[PDB]
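Order as written gives the chain letters A, B, C and D; numbering starts at 1 within each chain.
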Amino acid sequence: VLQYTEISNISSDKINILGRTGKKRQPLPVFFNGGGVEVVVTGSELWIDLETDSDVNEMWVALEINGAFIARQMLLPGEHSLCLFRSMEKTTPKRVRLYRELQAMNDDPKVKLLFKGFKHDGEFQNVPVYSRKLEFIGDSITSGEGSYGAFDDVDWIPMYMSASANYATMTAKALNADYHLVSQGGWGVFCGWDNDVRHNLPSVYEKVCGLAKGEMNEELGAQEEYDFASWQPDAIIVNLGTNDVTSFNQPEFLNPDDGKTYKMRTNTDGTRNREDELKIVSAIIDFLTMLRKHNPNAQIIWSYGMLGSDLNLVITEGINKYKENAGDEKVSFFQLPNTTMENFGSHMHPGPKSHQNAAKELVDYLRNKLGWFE
Amino acid sequence: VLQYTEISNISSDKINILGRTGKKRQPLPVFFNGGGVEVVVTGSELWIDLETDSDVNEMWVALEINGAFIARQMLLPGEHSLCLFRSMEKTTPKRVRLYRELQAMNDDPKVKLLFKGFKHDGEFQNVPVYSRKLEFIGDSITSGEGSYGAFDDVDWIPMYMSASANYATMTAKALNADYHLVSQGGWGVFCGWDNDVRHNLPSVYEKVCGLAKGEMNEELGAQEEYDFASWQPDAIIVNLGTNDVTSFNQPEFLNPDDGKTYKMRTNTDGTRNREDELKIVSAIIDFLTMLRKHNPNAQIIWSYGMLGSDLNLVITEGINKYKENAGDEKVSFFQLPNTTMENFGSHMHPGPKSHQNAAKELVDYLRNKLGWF
Amino acid sequence: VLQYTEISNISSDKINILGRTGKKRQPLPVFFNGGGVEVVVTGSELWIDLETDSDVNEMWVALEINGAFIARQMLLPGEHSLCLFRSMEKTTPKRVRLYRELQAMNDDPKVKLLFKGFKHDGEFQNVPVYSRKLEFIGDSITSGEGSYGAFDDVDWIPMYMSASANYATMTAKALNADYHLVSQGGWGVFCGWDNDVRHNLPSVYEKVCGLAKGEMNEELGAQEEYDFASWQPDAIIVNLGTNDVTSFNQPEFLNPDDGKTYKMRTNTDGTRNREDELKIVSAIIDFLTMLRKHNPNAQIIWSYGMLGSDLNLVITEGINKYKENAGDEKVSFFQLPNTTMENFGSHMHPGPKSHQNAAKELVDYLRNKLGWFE
Amino acid sequence: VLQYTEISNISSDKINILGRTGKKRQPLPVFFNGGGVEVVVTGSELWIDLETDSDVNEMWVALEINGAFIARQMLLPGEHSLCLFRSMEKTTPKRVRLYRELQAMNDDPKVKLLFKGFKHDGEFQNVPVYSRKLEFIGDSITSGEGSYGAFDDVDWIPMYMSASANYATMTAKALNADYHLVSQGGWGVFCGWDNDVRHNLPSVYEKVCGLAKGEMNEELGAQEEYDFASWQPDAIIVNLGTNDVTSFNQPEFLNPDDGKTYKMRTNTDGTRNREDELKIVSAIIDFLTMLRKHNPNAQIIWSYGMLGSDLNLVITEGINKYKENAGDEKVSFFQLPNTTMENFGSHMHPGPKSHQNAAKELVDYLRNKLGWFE
């Protein structure tokens, strides 16, 4: 006989909730990629009860036991009782981490992941205490898009995305740190790759999950303001700009809302338009002020370069102008290594090896920057 | 809507069946680790209908689309409808490979995996043709035991075993080769690590799946003689001996079947008992004979060393004596690189990196030996 | 027997002179690290006749045959006849490159290396034509200080310096490019590591070899203005800043020239003084102007990071302010990877593996920037 | 002021002599590749006085200070005074290792290296004590032939050979071990690559340096019986067989010393002549006996495979028959990794990387076999 324990009935000491949470606690909505739970349990068997819904973009999850990747799978709409381990030695504790592989989906109001409770024959023990906290904000790189799948695959579908093979989770793991991911493929600091001015991360940063819209998501608490005071990160890693630079080489965008045409322009010369560059610069300044406002003590580190480094000067202009004007001494720039021909995954995006290389250089930087040498 | 096509109703040029098959075609019994199917299909959606049974040791499978690892999961007893992909661009063909992660289980008559058919909106295309064929015979290394899981995990359960992170499948993939895996954790060429003389790979080699025993498996055709003529490998990789050397440092074993006790002995000198070494030599001679008989043209390559190389001399003594007596010029010894501290997986067994290292050296050996440049 | 040919008598197409040269042609003065000659010769034997002088800091050279490192040795004062190869097959050509390992020595008027001629039994053939040209401006990293020697060796001596194991020559080689190295251990863009304001690279850039001073050096043509027009690089790699950062944590410097004390200062909270930061910013602006002036078409790439990246924002402020004012769309910033624990050489400076890692990242960057995919 | 000290006048506790010695101690003959001396000295400078002779094949040496490669150079006939270091901090002890890069030359009676003494302003300190000892017996792989030079270079001359980049010295260094190298390029256990039955390592093993022949070498004591009792290795690594395999595909050899023609035969179906295979087996048994006789306690390890493993079965047949008849439980076979496409040096032989890979695998084997985890 397995006991059933509702997720909200577990002592805060005996569960780590990974990722941003709002007001709803039973069942637990897991809004973000990398989001989920970690428990440490004895016993022979563990199952998690969950509910999922979706249409075009189905849910994916991944499981790690004692820090090691074990499983990865799709979940189709409905109730599931998912077996996390079985036939194990009863007396020894196992650390179990199950998390969402798929990013929040801005244009998809149906997709959701809800954790209800656990079935178990053993007992819950105290979970590791993560004093170190890292927030990651980004585009599809931070969504781990291309981290699975063959070189030539191009379909924009969930199976190619992950938190399981991802520089951010690799960095958090190496540094023994709790982590939040906030990301959206194709989105920029100012506009999306396709010149879509609505597709910027800043506009969506402040709600519990601003990227989860519609009635159903509203019932889950996603559109309420996020309680920043409850989770203050030591550092905020900002990996944005790739899509902003891409937009300069992309056709003009007609906006369905405010019926105007937007285009980040390139000079006849081949260089970027300056006032257009300045729109990014200002967007950067505004975003940095937003971040400082909600995280008064965090080290903000703009970390950019896994898919080219052409926005180097524009990014650092934004930071420098913000810094001098605000007297902010805890804002840095760190360039990530570029993905070489050999290390691409699918969608011509960074694969596992590029993520690993990026995590290695980011971890080294954070050790020195934060004094996290141990 | 979704068409249903039974696995046996896909014409040969539009399916690759991976692994030893017997007389049963519908549904398809998936006997061995690394066994399964590969198809290439258009359409937006593909499902596979399958049945599984198990008790203590539940079934695991892994999915690869266009050669890339996508998913890996447990399957509990019953009929399942597994979605292999969905929401895809309809016109592009996708190569889909779905295989078993769990070895055949000698002492577990209930465990099984059956493939019934596909649900699909697209059409089956010609699959790639693998004229190059490789058979791998081994112990838990070849079962990929330890290829998943943390350093200190020790439970002997399915989640830790794989074909997905495995030197054998990495080797086959690199060389663009069809492969068969025949393996059993803890088993030797002569005896198991615990001195169990019944636990030797030669004794199960000749059947479709000799490691699939009991009534249900018999009905699946596992206990009939394997038709070797239908699938002849270019090379046979034999990775045995690790468990034979281990037995020398392990307590005696009481055989439940004859009441006799068995113990591979070491002298109060620290050295292996010479008479016992010779039982391994004889098992090797006998197994090479068996292998030649069923595979008259294959290059036999004893590949050993991922968990120590202590048996190098006994193995080559076996090979050398067999070869001289048989006049066999197509038998070799290749040493695999040892697993070092930075490269252990779980169970103190080879991890992904060790498998990778071993595959690189083996691939290079096979290119040169077989002219596979 | 062995013919003798003065370096001056070898036709321009039969010799590649590496490094800046002035008016003196016979004998040929080799002013800079990485400086020297490349020839392609048949015959069984080749010797070079040379002259060297020194006292505290003896000369070192290294030999490459067909692009492969062969030899490295010190040369003490006097005339030398150095055997480059012997007992070889007579009919086969070999490419021979002999170059200086030691940087120009600013405060050492005696140290010199002069190439006089070759003793040879075979014939000189046409040497490769390098249309690609790269200038590298740097501190001890670009001097390869630490590229030889054990982890704990600390003596500030020539044997530890090289162009033979050096990210710059590695980059040049990978790219099939002619190269000039101009560097001084301990120097910055504004001041030296010890707060010494006369120890900046801009101040020595414009002469043939501003770092070769005194009478005998003046006779060698070193203090004459360099003819920039005669050697125009496709890209200029600037690796400076490490010593400017260090000066902030270093005791004040008394300048023996003008008797003033100089000190880059740190605020109570540990951050750098803004005004002192601005002095580095200005020096950067001024140097970029100097570079653009003498090199109207070169891509200037500030490449910094092998020993810490804390000057990222200051460097990027300098570049951005310079750029916004001039027309210049041909200045970039590129961050080099940091030297980790297991990749230090001697003097706690980057070792062979660190140079190698840096060269790999820089090469990838240069390919994509300059269109040198082959 | 420079004191002069003869090599034979340094206390045994203040010098490590590397390589086989005979009864000639002053001056010290350096017979073998990897042979030479190690001292540790204070002071600002150190010179070594040495004599060398040669004709076609000139002497090469390499210098390591505190375990780090510093220098490599040719030495032409005559007396030399080599400066090993200078201008150093007087009080710090420096460990200095100077060794021969060139193998003993069987058919070159003129080539020689002698160490006479040191000029030094500091004092000799105690040297490290290497209680662990390793003997390496091999062919050109063990002579490090190909370890320097470009991929397509083919001339059989000294500059391409080394102990400085060599699996044997890499192994010894890793295990903190004294080492002796005994090697001859082209030579086998039974015959040379060209079917020359005189070119076998067993025949020269027992003398101080059996490969140093002729009157001059006789006066150096090379042709006297080696005193094995004075230096007993923990392990003997035998890397032979590559040339024995090769001979099967090479034209017959006309032996000068008798009138006879020798040829290892290949059957008209492509396989090796069994009777000729058995000649190698007998040579192996015979050599193993010889090794056991002079080394009663050593672990003998046949380590083969850096240039193919085709003789795997014949070698282990030799070992197996030897061990059975002798009851010898301290003889092993370890197959070394094959040199792959990316890892060749010059002459289609193993380059630095292949040596390194071989050393790492061999080091791991010896740690386990000899219990050298410390």
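Please note the rule applied: a residue touches a chain if its C-beta (ideal position, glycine included) is under 8 Å from a C-beta of that chain, and two chains touch if they have at least 3 such contacts.
Matching CA atoms, the turn from chain A to chain C amounts to 180°, rounded to the nearest 5.
With centres defined as mean CA coordinates, chain D is found 43 Å away from chain B.
Taking the mean of the C-alpha atoms as each chain's centre, chain B and chain C sit 57 Å apart.
If each chain is drawn as a node and touching chains are joined, the picture is one closed loop, every chain linked to exactly two others. Chains that are in contact with each other form these pairs: A-B, A-C, B-D, C-D. Residues 269, 271, 305, 308-309, 312-313, 316-317, 319-320, 323, 329, 332-335, 337-338, 340, 361, 364-365, 368 of chain C are the ones that touch chain A when the two sit in their complex. Those residues of chain C lying in contact with chain D across their complex are 56-58, 65-74, 76, 83, 85-89, 92, 148-150, 152-155, 157, 159, 346.
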